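Just below is one structure, and these are the notes that go with it.
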Amino acid sequence: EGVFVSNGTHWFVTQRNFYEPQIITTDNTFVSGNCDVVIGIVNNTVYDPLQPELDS
Amino acid sequence: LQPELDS
Amino acid sequence: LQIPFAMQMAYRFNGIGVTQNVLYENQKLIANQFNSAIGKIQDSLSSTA
Ligand SMILES: *[C@@H]1O[C@H](CO)[C@@H](O[C@@H]2O[C@H](CO)[C@@H](O)[C@H](O)[C@H]2NC(C)=O)[C@H](O)[C@H]1NC(C)=O
Ligand SMILES: *[C@@H]1O[C@H](CO)[C@@H](O)[C@H](O)[C@H]1NC(C)=O
Ligand SMILES: *[C@@H]1O[C@H](CO)[C@@H](O)[C@H](O)[C@H]1NC(C)=O
């Protein structure tokens with residue numbers, strides 16, 4: 001529920017009607033298939049909040 | 001998650 | 001407010017209750033079906049009064 005946006009150096013997700021940037025995460029986003037199909041897809045990290053929690 | 005991170 | 005046209009059409013797919021990836025994964029088919037469907041309007045109006 002949002003749009004991917006960049007300030008020039010970093011990538012965020014915002015709600016569409018008001019600028020409120022958040023870090024892109026596995027619970028801000030959903031997966032569908034591989035990188036080869038989508039026209040204009042970009043390479044960036046997606047953070048997974050469980051992995052440091054298992055690292056406790 | 002915190003009860004599961006007990007395991 | 002500017003937005004890329006394929007991203008505007010992904011918002012319109014969300015508005016009908018179809019998930020955005022259905023547009024981005026079928027974008028060339030959706031564009032062809034639109035371009036074809038406008039060609040039928042052109043032919044029908046060119047054909048009859
Ligand atoms: C894009 O946004 C990020 C926000 O994370 C900016 O990075 C921060 O910038 C300040 C000031 O230089 C630093 O104190 C922080 O440590 C930075 N955080 C990170 C995670 O790098 C970044 O400067 C912005 N870029 C532009 C071009 O505006
Ligand atoms: C936008 O145009 C550039 C070339 O100017 C191209 O590399 C890119 O794939 C295009 N992206 C989209 C979303 O159409
Ligand atoms: C993204 O990563 C792939 C990894 O194979 C690379 O080929 C590509 O050049 C990178 N950049 C873009 C914009 O796809």
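All residue names refer to the structure tokens as shown: chains lettered A, B, ... in order, residues numbered from 1 in each chain, ligands numbered from 1 in order.
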- Task: Enumerate as an NGL selection string the residues belonging to chain C that approach chain A to within 9 Å, with only C-alpha atoms taken into account.
- Result: :C and (7 or 21 or 24-27)
- Please return as a PyMOL selection string: the residues of chain A that backbone DSSP assigns to helix (DSSP H, G or I). chain A and resi 50-54
As a CSV table (one decimal) with C-alpha atoms, in the first residue's frame, please: every residue in chain A that DSSP puts in strand (DSSP E or B).
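Saved as selection_29.csv:
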```csv
chain,number,residue,atom,x,y,z
A,3,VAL,CA,4.8,3.7,-4.0
A,4,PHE,CA,8.6,3.2,-4.2
A,5,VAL,CA,10.5,6.5,-4.2
A,6,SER,CA,14.1,7.8,-4.0
A,11,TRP,CA,15.1,4.0,-1.7
A,12,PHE,CA,11.9,4.3,0.5
A,13,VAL,CA,8.3,3.3,0.3
A,14,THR,CA,5.6,6.1,1.0
A,22,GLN,CA,9.8,4.2,5.3
A,23,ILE,CA,12.6,1.7,4.9
A,25,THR,CA,11.0,-4.3,4.2
A,47,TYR,CA,15.3,-5.5,5.0
```
Counting only C-alpha atoms, which residues of chain A come no farther than 9 Å from chain B, as a PDB file with C-alpha atoms, in the first residue's frame?
```
ATOM      1  CA  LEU A  50      13.113 -11.468  11.610  1.00  0.00           C
ATOM      2  CA  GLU A  53      15.646 -11.229  15.933  1.00  0.00           C
ATOM      3  CA  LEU A  54      16.914 -14.809  15.273  1.00  0.00           C
ATOM      4  CA  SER A  56      19.502 -12.434  19.424  1.00  0.00           C
TER       5      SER A  56
END
```
- Query: Hey, which residues come within 7 Å of ligand 1 if we count only C-alpha atoms and all ligand atoms? Could you give them as an MDAnalysis selection string?
  - Reply: chainID A and resid 7:10
Output for the residues just chosen: C-alpha atoms as a CSV table (one decimal), in the first residue's frame:
```
chain,number,residue,atom,x,y,z
A,7,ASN,CA,15.7,11.0,-2.7
A,8,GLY,CA,18.6,10.4,-5.2
A,9,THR,CA,20.8,8.0,-3.1
A,10,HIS,CA,18.3,5.9,-0.9
```
